[PDB]
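Chain naming follows the written order as A, B, C, D, E and F, and within any one chain the residues start at number 1.
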Amino acid sequence: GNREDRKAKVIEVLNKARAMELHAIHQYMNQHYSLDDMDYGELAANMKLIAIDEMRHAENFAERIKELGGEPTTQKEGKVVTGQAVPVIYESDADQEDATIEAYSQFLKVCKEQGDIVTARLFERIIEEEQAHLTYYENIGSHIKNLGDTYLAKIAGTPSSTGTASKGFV
Amino acid sequence: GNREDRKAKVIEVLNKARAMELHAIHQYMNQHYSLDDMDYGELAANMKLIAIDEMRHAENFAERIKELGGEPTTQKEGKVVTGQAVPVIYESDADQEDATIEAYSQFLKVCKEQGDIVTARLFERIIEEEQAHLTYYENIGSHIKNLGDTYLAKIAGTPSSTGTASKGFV
Amino acid sequence: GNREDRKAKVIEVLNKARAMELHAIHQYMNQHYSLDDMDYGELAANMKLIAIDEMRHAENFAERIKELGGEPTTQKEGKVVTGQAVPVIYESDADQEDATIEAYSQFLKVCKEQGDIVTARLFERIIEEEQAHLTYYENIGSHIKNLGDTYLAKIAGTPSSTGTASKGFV
Amino acid sequence: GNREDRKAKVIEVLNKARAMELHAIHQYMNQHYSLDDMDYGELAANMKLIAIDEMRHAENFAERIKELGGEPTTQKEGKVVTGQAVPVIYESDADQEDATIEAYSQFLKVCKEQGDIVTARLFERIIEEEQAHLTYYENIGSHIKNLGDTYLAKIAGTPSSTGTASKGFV
Amino acid sequence: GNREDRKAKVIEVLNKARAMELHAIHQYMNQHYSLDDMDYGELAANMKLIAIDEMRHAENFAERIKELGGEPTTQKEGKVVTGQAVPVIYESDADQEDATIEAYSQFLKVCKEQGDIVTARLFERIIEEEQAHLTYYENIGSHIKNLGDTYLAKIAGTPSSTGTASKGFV
Amino acid sequence: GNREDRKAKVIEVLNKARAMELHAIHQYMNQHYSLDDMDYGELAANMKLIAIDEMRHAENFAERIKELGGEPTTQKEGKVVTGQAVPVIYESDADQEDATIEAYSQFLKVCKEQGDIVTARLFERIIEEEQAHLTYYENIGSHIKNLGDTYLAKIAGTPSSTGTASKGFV
């Protein structure tokens, strides 16, 4: 394809990935609100920190799309599942991070095929972070399934802070 | 009304307010990508910083909804408009902050009528921030209208940094 | 109503609120002695710390009553229940904080109707603290119900210190 | 008496003393509110600091009672006198601290007779503090009676702070 | 009412409140010149410091009026009374702070009825400061009435400094 | 004239000057509110700092009048002009500072003629500050008239802080 076709194909998968990140942000923050509500502080905090990673992803995809002359999507991909119990949160999140790694690997190939090394490197870096999220999710789901209440007793009442408050406008 | 009644009614205006915040996060960040693309750094920076204020809003609303036994919504209210020109960006955002304020004040009244001092207090606080945001967009909107390209020449190539990067999981 | 009228009516709800705080100080400290006796240190510590918040409440109420020309009551409202078991302690206290909040909100309305913005403000502030207290007791109540003895095993033998001792006269 | 009878007799006088302390706390704080209201800062502050000493007493008696297998009273002993003038505050407080020392000395003897050295040492220590309160009260009542207005002119407008605010829950 | 309507009505009570603050600045400073002339330093100092609080009030009101599209008034409400004797100074100022509070509370109600949460919040804040001022003047008024010249003898020749001088242009 | 006549003539021009300063304070603060509203921060800030200089003047005149046995006026001299545009603010302020220097020089002569060296030195010092204000005003009015929008583009969005907040009573 010519210069314009190669950017358009790339912009396509970038918006595809962006949509997945927009879903993850809403999905992982939804669970954080429950975890926090359940007073599982350490779980609540790390869930929020992973959501903020996905925020950075959505932000990085957007910027790349702009460099390519495209418009970054505002629609999330899929529906958000609410009211999940602690066990189901980690099983579903693990499944999602695995699916996302899978999808992103396929987008990375499209980038290579359109001869776009900068976008490909973006996907490589963000895939490595996705892997770290997947490991985390798998570990927690394991301790929950294999140890139940004894494990959660240690999480009960733990601190949920994610640090100093977000530098905002006001 | 009864207990469950009062709570339900307040959860409802909180979810409306929250849906409004979800929209503003996406609307504002879309403009930030544009402003960052045009290389108006300081404009891009402040836009992003107000979006992060709106994210905190959404969060505070979701936390109060959880306290009332409700489910925090995940759907934004309204459509995000893309491709806006710089002057339209500040004319639309002023209108939105003003509409939001008008709305929140209506929600606030419902909280007083439903006997919920804690939620009304949250609305009062967030409305003053919204006022800080409205003042900001009117001012910029104002400089662009009176000074046009002379003002922009001053913003062109300014730093776009919002400070240290996102404290996340990785 | 007239001046003396408005003041009298507000002094009245303040003395009711204050009597409610006197009860809670005694009720909560009684449970603290129990919790400290069973050697659930962290539970005993936080219980005592909330009682001290209730003491500050009583104080603030008495100071406002004095400002209005009234006499701060010295009688608690209701009877202190002793011998409660750990789960009853957190089920009863949640109910009390919730009832208190319901009450204070009623008192607040009287202050607005009597044109007393300063007293209404004091009620607003103390109601948010009461909400912090209600959230606390529901959480603990929640951990005990879901996790039972596994949770307690984690609290057994923890420090009971509330920090430095009482700054006093001697 | 046997082991149980000796603890019960001790618990009796301990609850007796506790009831006196619960009265003193309400009585001395009542006067503090007046002193503060009268803008006699140094008098107001020291009255509050002595009330907090009595709080510690009520707390120490309670803990000892628990160690003995008893239930710490929640009822104060006697009625609280309100609206006393500056002179009458110090004359009555002196009389009360003297009566309390007298009573406590008699409880101490009961402790010795029940062969309870730990409770006896508690009373000895708390009696020494009561003496310090009595001296203070006597001194102020003396300066008031012997010097009146000139003495109080120096107290007018003095600071009433008792230090940094009480470590609480919120 | 409509937009322009709600704003106009609030601008009106703000300009009344502001005119009241302009009066108090002049009234209070006039007394400060007197008190400074009689060499009651501490009295002169605090009077000036409350006037500066009233200046901040006028400022905050003018800033909110500007936010509503209005013009901040420049005329004080009422006449400044000169030559007052020390006791009249504190009897009149107590009455004024009390009248002001009564007024502001009325203005506040108008803001609620006009749906203006930000202006009502400003009134709420300034009314608590006015209460701090009212408490001050009653206390001093009180010391002068109970203690007369003995109190003044204590103030005579005290420092009149309000701290570092006015950060200005030169 | 005799001792009393010389103080009275001096007090006359001192109240005359004081009245001018009371006008300047209201006039310069009025413009500050507009400049701030226009988001011309550096202009807004310096206008406020010059108003505070005029406050010090009004304060110094008052104190001198008191030393002379007089009563310091509470009436401003003239009417305040509102709603001026940026250009007209600086042209009028320049004219006012020039007129004030002119008037004050004439009052200074009256002081010399009444043989009052202390009041004369006051006028000399305050005249030197007036000169600094006049220079400032002239410079800004020059840049506005000669360079317009390009100059103001640099002022747009600048900080308006005048430093740490005014040491007040509360």
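As a convention for this text, a contact is a pair of C-beta atoms (placed from the backbone, for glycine too) under 8 Å apart; a residue touches a chain by one contact, two chains touch by 3 or more.
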item	value
Chain pair repeating D-E, as identified from A-C, C-E or E-F when over half of the contact pairs by residue number coincide	A-C
For chain B paired with chain C, centre-to-centre distance based on mean C-alpha positions, whole Å	36
Distance between chain centroids, defined by C-alpha means - chain B, chain F (Å)	42
Inter-chain centre distance, chain C versus chain F - centres from mean C-alpha coordinates, in Å	55
Euclidean distance of C-alpha centroids - chain C vs chain D, Å	23
Contact pairs between chains, per stated definition	A-B, A-C, B-C, B-E, B-F, C-D, C-E, D-E, E-F
Residue ranges of chain C in contact with chain E within the complex	67, 115-118, 121
List of chain B residues in touch with chain F within their complex	139-140, 142-143, 146-148, 150-151, 153-154
Residue ranges of chain F touching chain B (in the complex, touch as defined)	38-39, 149-150, 152-154, 156-157
In the complex, chain B residues that touch chain E	102, 104-106, 108-109, 123-124, 127-128, 131, 135
Parts of chain C lying in touch with chain D, wherever the complex brings them together	26-27, 29-30, 33-34, 36-37, 46, 49-50, 52-53, 55-56, 59, 62-63, 66-67, 71-72, 74, 80, 82-83, 129, 132-133, 136, 162-170
